[PDB]
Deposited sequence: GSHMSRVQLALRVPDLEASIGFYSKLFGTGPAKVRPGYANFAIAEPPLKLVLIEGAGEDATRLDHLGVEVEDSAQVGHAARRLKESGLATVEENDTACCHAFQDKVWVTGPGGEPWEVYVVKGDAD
């Protein structure tokens, strides 16, 4: 029904492509220069690797929940809005919210 996105800013992108390839025993679903991503069935996960200006070690760029269709995005938007969370809308079709310590979540569609 839905799935976690984990987006890492890494210092060596090739290295990492290799690594997570072995860690999950699968290959990247898309590779572009300066970014690659993985659709992992088990564990269910969308791993985005973004490559970053050689600044020391990997940082967590952002987090997210990947859902199945546009309705669910809308629905969550309503739900987080009513629970009281600062929502920001990015235009079809995603919604951002932010943890107290600043970590950003994006609820979106594939």
| message | Missing CA coverage against the deposited sequence, listed in sequence order. | response | 1-3, 95-102, 122-126
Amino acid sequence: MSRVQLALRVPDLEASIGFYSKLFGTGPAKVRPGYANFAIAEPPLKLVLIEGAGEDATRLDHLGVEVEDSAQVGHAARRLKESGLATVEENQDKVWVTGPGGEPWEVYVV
From here on, numbers count along this sequence of modelled residues.
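Under this definition, the rigid core comprises the largest set of C-alpha atoms superposing within 1.5 Å between the forms.
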| message | After superposing on the rigid core, which of 60-68 and 81-89 has its C-alpha atoms sitting farther from this form in 6 other deposited structures of this protein? | response | 81-89
| query | After a rigid core fit, does 50-58 or 36-44 show more C-alpha displacement in 6 other deposited structures of this protein? | reply | 50-58
| Would 54-62 or 41-49 have the larger average of its C-alpha temperature factors, as given in the entry? | 54-62
| note | The third of the chain into which the C-alpha temperature factor of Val73 falls is the lowest
| said: Where does the C-alpha B-factor of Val110 rank in its chain, lowest, middle or highest third? | reply: highest
| remark: Of the three thirds of Cα B-factor ranks in this chain, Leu13 occupies the highest
